[PDB]
């Protein structure tokens, strides 16, 4: 036996339960934006403690395990995926992924170990990178006209969320600046998996 504060033991979620959250399949960037808006407009936590996390890589092909789209022990290969990270007051980070089969929210270490897994045995060009944007900056700067979700005829590849596109005074479409893992582009900070776990892990 070994003894391991207890703050994480009583952590209260920053979101509604998973089934009560605004959600559209294949629009995780918007599902997370909507979680950020909820946190901002409610009186439980400050957005300063929260981050939007884009996961992708140069080839836009990332495996993520424990995904609802592929029940079982294999991965979903996404072009990108977006989750919300909350750094709780006591220091423990939590991941909010509406698309995971893991708990919602999930302790950071368990999400990284079970949904992300080690990059050590993954072929290097499939390895995961993480663009971390403070949630305030995400709400201030994110814009998507959903044009990436339409074929050349304008037909939707997946049904759109039930509210108008997110726009700012500066832009109507900058989604590629969040998907990109080039630090020369966009907002926040880009991390390798090891850098990401070093920054947020307990």
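Positions refer to the first chain, counted from 1.
inquiry  = Can you count the deposited residues that have no coordinates between residue 4 and residue 5 and report it as none, 1 to 3, 4 to 9, or 10 or more?
reply    = Gap size class: 1 to 3 residues without coordinates, per the record.
query = 31-39 versus 64-72: which one carries the higher mean Cα B factor per the record?
reply = So the stretch with the higher mean C-alpha B-factor is 64-72.
ask   = Looking at the entry, does 148-156 or 22-30 show the higher mean C-alpha B-factor?
value = The stretch with the larger average C-alpha B-factor is 148-156.
task = Would you mind finding, among 100, 125, 118, 93, the residue with the largest C-alpha temperature factor in the entry?
result = Among 100, 125, 118, 93, the PDB entry lists the largest C-alpha B-factor for 118.
request  = Grab the CA temperature factor for residue 180 from the record and place it in the lowest, middle or highest third of its chain.
outcome  = Residue 180: CA B-factor falls in the middle third of its chain.
key: CA B-factor ranking of residue 55, expressed as a third of its chain   = Ranked within chain, residue 55 CA B lands in the lowest tercile.
task = Please rank the C-alpha B-factors of the chain's modelled residues and tell me whether residue 165 sits in the lowest, middle or highest third.
result = Tercile = highest for this residue's CA B-factor.
ask   = In terms of the chain's CA B-factor thirds, is residue 133 lowest, middle or highest?
value = Tercile = lowest for this residue's CA B-factor.
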